[PDB]
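Before any comments, here is the structure.
Neighbour counts are summed over all protein chains in view; Cβ atoms, including those assigned to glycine, are modelled from backbone coordinates with ideal geometry. Each answer follows from the model by the rule given with it, or from the source it names; no laboratory read-out is quoted.
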Ligand SMILES: COc1cc([C@@H]2c3cc4c(cc3[C@@H](Nc3ccc5[nH]ncc5c3)[C@H]3COC(=O)[C@H]23)OCO4)cc(OC)c1OC
Ligand SMILES: Nc1nc2c(ncn2[C@@H]2O[C@H](COP(=O)(O)OP(=O)(O)OP(=O)(O)O)[C@@H](O)[C@H]2O)c(=O)[nH]1
Ligand SMILES: Nc1nc2c(ncn2[C@@H]2O[C@H](COP(=O)(O)OP(=O)(O)O)[C@@H](O)[C@H]2O)c(=O)[nH]1
Ligand SMILES: [Mg+2]
Ligand SMILES: [Mg+2]
Ligand code: NA
C-alpha cells in the first residue's frame, strides 16, 4: 500500500519538502537515503512513503512551472534523498493564474508529470492512492494541481485521492486575485478528492503571532506547524500499530457524504521540556487555538473525529480524557452518527516532543472557511475586477459563476447537517 | 531568463535611458567598458543582472536596449559618451530629421523610414533572449518622436511580438520645461494610440520632478540632468526586482495587482527619501519616515491628489536595510494617521517587497546616498486629474483648431483628433465608474 506523494507549486513544494524531512527523521532516514534508526518500527512500514544499496527514496514527484522552487529543494538538506527523475518543472511560470496552470501553461507539463506518476504507480505493489500538497490560492498548485488530480483520477479511478490544500488568507496574501484561484480550486477538489486537509494560512499566522508569540511570522513559521500537522495525520499510515489506517478506510470512517471531505486539522503541543499531561494534550487538541483551520468548532458540529497520541503515555488516561471531552461537549457531536469519535496511540513520539496529539475533524464549522473565500470572490466578481487576467487565457465569467455557486452549495450542505 | 529589452524613443527617452543605464551599471558593479569583475561567469550566466545586461566572451556586459531618435544629436553624445563602450553601434539608431514636435511627422512622414530598422534591431536582441519577458519603452508625450514614433513602435511590437509585455515610462508635459505649444495635442494622440498596446504605463510629470528637486535638493533651476537622475532612481527601484534577486518580489505580482481592468493601467509613483548630501549627513531615515514620505502628496511623480480619489491597489517596493517588522509597524502607523481609502471591490492591503540591495547614487549627484529607500506604486483614481488638465488644454486649442493644419498637411485628419479626445473622455469616465461604490 504505497502512497504516491506529489507536490506542486512554490508552497506545495516547500511544505512537502519539510514533510519529507520530518518523516525521514522519524523513520531514521538521513539525506543520503540510508537508514540508521534504532527500532525496526521505523522500517516496518517505511514503504508507505519510500522505495528501496539499501537506501530508501521518497515516493515523491516534485512539480513546478518555474525551476526556482524546485532548485531550492534540491539544495535543501534532504535534496539528495529526492529522486532526480522525479523533479519535473518548466520555465514559463504561472503568474498566479489558475488559468495559466489549469489551461494555458500547464497542459504541457501535466503530461510529463503523469509519466513519472505512472512509473511510480507501476513499481508500487498495491497503490493506495495519491497524496498532494499545494496552495489553493496560487497558480501552479492551485490550477495545475487540480488539473493533475483530474488527469490522475481518469488513469487511476480506483485510488484514493488526498490533498493538503493551503487555503489562502488576507493576513498572508500575495495577490488580490487569490480568492479567485481558491474558489476554482475548491470546486475542483470537491469533485476529484476523497480527502482534503484544509490548512488555512490565516490560522497558522494567528497561532504563531498570538500563542507562539511571533510578531512577524515568516512562511517558514507557518510551514513548521504544517509539517508537524502533516506528520500527525500521516502517522497512523507511516508507523505500524493497532490502527494501520489507510486512505480508503480513512475516507470510509470520516466521510458521511462525499462533498463533505474537508477536514480541520489540530495539533498540540503547539511549539519545551515539560511534557504535557494526557489531560493537557487532550484539552489542547480540541482547542480552537490548536486547530490549523480558522473555524470555531463550537460554531458547528463534529460529524466525525479522529485522534492520535504519539509518545509514551497512559492509554487508559487517554481514553478517559477523550470520553470526558465527548460527554462534556455532547452538543458538538452529531447524534445521527453513533460513535463519531475514535482515538489511537502511537509509541514513537514526534521529533523533539515527549508526546503530542493530532486532531482530524469533519466539523460543519468548516463552512466558515468557504464563506470567507466566497465573500472575497463575490466582492471582486461583482465588479469583474482583475477578471481580464483570466479571460485572456480563454476563461469565461460563467465558469467563475459556476465555481462561486458550487462553493456556496457546499457551504449550505455543511449547514444543513449542522442543523 | 526573463530578459527585458529596453527601448528609448526620443530625446527624453534617450537621455533618461542614459541615466538609468549608468545607475544600473553602478548598482551591478558593471564598469564603463562593460567588464563586471564580480561576475565570474564569462560569456553567459543566469544572474538577475543578465535579464537587463547581456554578456560576451570578453566578459563585457552589454545593455539590452536600443536607443532610437530621429535626430542624431542626442544619440551622438551617447556614441561619444563615457558609456559609449558599453553600448553597441547597432543599438544606437538615429535618422537625419526630427518630427519638428509633430506627432504626424513622427508617426507617418518620418517614422515610417526608420520603423523597420528599429524593429529589426529589437528582433536581433529578441533572439539573444532565451525567454524574453517584454519591452520597457521610455518616451515623452510632448515630442513628435516621443509621441508619433513611439506609438508606431507600440503597434509594431503588438503585431510582431503578439501579447508580450509592454511597459512604459511616459514623460507628462510640464509648462516649466515645455518645448512646444502643441504638446497637449501630441499627448492626447499618443495616449489614445498606445492605450491599447501598453500593459502598464508609468507617467512622470516634469513639473512634479522639477518641484521635488528645487525643494528636497535645493536646486534653483533643476536641469534635465537633475530630473533624469531622480527619474533613474525611481526606475531603478521599480526594476530592482528584475535586475536583483528573499524578500524581493517580482514586479509581475505588483502588475497583476495594479491593473484591475485593462484601461486602468496607469499607477502613481512616489519615491523616498530624496535628500541632499548635507541634509542626509547626521540624519537617519527610518522605515517609518520613508513610508510616510511615500504617502506624502508632494513626493509623488505625478501631481494629483489621492485623497480626492480612491485607492484600487497600493504597493510598496523597498530597497536597502529594511526588515519586514519595521515595514509592518510603519504601515500600521500610517494607517492610523492617513486616510487610505480603497474601492470596495479591492482588498485594503499593502503588498510589500524588500530588496536588501542598498540604493546607489551617481557620483557628483545631488542625491545623498541613503541606507534605505522606498517607492510606492498606487492605483488611485486621482490620476485622472492629470488627463483632465491635459485634455482641457487640448480642447482649448482644438476649438480654434490651432496648429491643426500642421497635422493635416502630414496627412492626419481631424477625425483622429476628435476620436483621440473621445477616448480620453471615456478613460476619465472609466476612472469615475471604478470609484463608484458597489450597489
Ligand atoms: C486518528 O487515527 C486515525 C484514524 C483513521 C481512520 C478512522 C477515522 C475515524 C474513525 C475511525 C477510524 C478507524 N477506523 C477503523 C478501521 C478498521 C477497523 N477495524 N476494526 C475496527 C476499525 C476501525 C481508523 C483505523 O483505520 C483508518 O484509516 C481509520 O471514527 C471517525 O473518524 C485514519 C488515520 O489516518 C489518518 C488515523 O491517524 C490519524
Ligand atoms: N524629464 C525629462 N523631460 C525631457 C527631457 N528631455 C526632453 N524632455 C521633455 O520632452 C518634451 C520634448 O520631448 P522630446 O524628447 O525632446 O521630443 P523628441 O522626442 O526629440 O521629438 P522631436 O520634436 O521631433 O525632436 C519636453 O516637453 C520636455 O519636457 C529630459 O531629459 N528629462
Ligand atoms: N503555509 C505556506 N503558505 C504559502 C507558502 N508559500 C506560498 N504560500 C501561499 O501560497 C499562496 C500563493 O501560491 P504560490 O506558492 O506562490 O503558488 P504557485 O503559483 O504554484 O507557486 C499565497 O497565499 C501564500 O499564502 C509556504 O511556504 N507556506
Ligand atoms: Mg508564488
Ligand atoms: Mg530632437
Ligand atoms: Na509555451
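Considering only residues that are surrounded by fewer than 23 Cβ atoms within 10 Å (Cβ to Cβ) and within 14 Å of chain B (Cβ to nearest Cβ), look in the stretch A:351-375 and name the one that is farthest from the chain's Cα centre (by Cα).
So the residue we want is A:375.
Residue-by-condition table, conditions (1) over 12 Å from the mean Cα position of the chain (by Cα); (2) more than 14 Å from chain B (Cβ to nearest Cβ):
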| site | (1), (2) |
| --- | --- |
| A:197 | no, yes |
| A:207 | yes, yes |
| A:216 | yes, no |
| A:236 | yes, yes |
| A:242 | yes, yes |
| A:255 | yes, yes |
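In this structure, is residue A:101 within 14 Å of ligand 3 (Cβ to nearest atom) and more than 29 Å from residue A:157 (Cβ to Cβ)?
No.
Would you mention how many residues in the stretch A:54-74 are within 14 Å of chain B (Cβ to nearest Cβ) and assigned to a helix (DSSP H, G or I)?
Looking only at that region, the number is 5.
Could you check, for the stretch A:146-161, whether at least one of its residues is surrounded by fewer than 24 Cβ atoms within 10 Å (Cβ to Cβ), within 14 Å of chain B (Cβ to nearest Cβ) and away from ligand 2 (no atom under 16 Å from the Cβ)?
Looking through the stretch A:146-161, none of the residues is surrounded by fewer than 24 Cβ atoms within 10 Å (Cβ to Cβ), within 14 Å of chain B (Cβ to nearest Cβ) and away from ligand 2 (no atom under 16 Å from the Cβ).
Return yes or no: is residue A:93 within 12 Å of ligand 3 (Cβ to nearest atom), crowded, with 21+ Cβ neighbours inside 10 Å, within 14 Å of another protein chain (Cβ to nearest Cβ) and under 17 Å from the mean Cα position of the chain (by Cα)?
Judged against the criteria, residue A:93 is not a match.
When residue B:250 is evaluated against the numbered criteria (1) within 16 Å of ligand 4 (Cβ to nearest atom); (2) more than 19 Å from residue B:168 (Cβ to Cβ); (3) in contact with a helix residue (DSSP H, G or I) (Cβ under 6 Å, 6 or more places away or on another chain), which criterion, by number, is the only one it fails?
The number of the failed condition is (2).
Filter the stretch A:142-199 for residues that are part of a loop (DSSP other than H, G, I, E, B) and more than 17 Å from residue A:222 (Cβ to Cβ) and give the result.
A:156, A:157, A:158, A:159, A:175, A:176, A:177, A:193, A:194
Given B:242, B:230, which one is away from ligand 3 (no atom under 16 Å from the Cβ), within 14 Å of chain A (Cβ to nearest Cβ) and in a helix (DSSP H, G or I)?
Going through B:242, B:230 in turn, the sole match is B:242.
Could you tell me which residue of the stretch A:19-60 is farthest from residue A:353 (Cα to Cα), considering only residues that are within 16 Å of ligand 3 (Cβ to nearest atom) and surrounded by fewer than 23 Cβ atoms within 10 Å (Cβ to Cβ)?
Checking each candidate, the answer is A:21.
If the requirement is being within 14 Å of chain A (Cβ to nearest Cβ), crowded, with 21+ Cβ neighbours inside 10 Å and touching a helix residue (DSSP H, G or I) at 6+ places or on another chain (Cβ under 7 Å), which of these qualifies: B:259, B:287?
B:287
Can you name the residue in the stretch B:295-324 that is under 14 Å from residue B:208 (Cβ atoms) and assigned to a helix (DSSP H, G or I) and is also farthest from the other protein chains (Cβ to nearest Cβ) among such residues?
B:298
Taking residue B:93 as the residue in question, decide whether it is in a helix (DSSP H, G or I) and either closer than 20 Å to residue B:168 by Cα or assigned by CATH to the domain that holds residue B:416 (or both).
no
For the stretch A:202-243, what are the residues that are surrounded by 18 or more Cβ atoms within 10 Å (Cβ to Cβ), part of a loop (DSSP other than H, G, I, E, B) and within 16 Å of ligand 3 (Cβ to nearest atom)?
Passing the criteria: only A:217.
Within the stretch A:342-358, restricting attention to residues that are in a strand (DSSP E or B) and within 14 Å of ligand 1 (Cβ to nearest atom), which residue is nearest to residue A:276 (Cα to Cα)?
Among them, the one singled out is A:356.
Taking the conditions exactly as written (more than 14 Å from chain B (Cβ to nearest Cβ), more than 30 Å from residue B:132 (Cα to Cα) and away from ligand 1 (no atom under 16 Å from the Cβ)), does residue A:81 satisfy them or not?
It is true that residue A:81 is more than 14 Å from chain B (Cβ to nearest Cβ), more than 30 Å from residue B:132 (Cα to Cα) and away from ligand 1 (no atom under 16 Å from the Cβ).
Give the residue that is surrounded by the fewest Cβ atoms within 10 Å (Cβ to Cβ), with candidates limited to residues of the stretch A:250-268 that are in contact with a helix residue (DSSP H, G or I) (Cβ under 8 Å, 6 or more places away or on another chain) and within 11 Å of residue A:196 (Cα to Cα).
A:259
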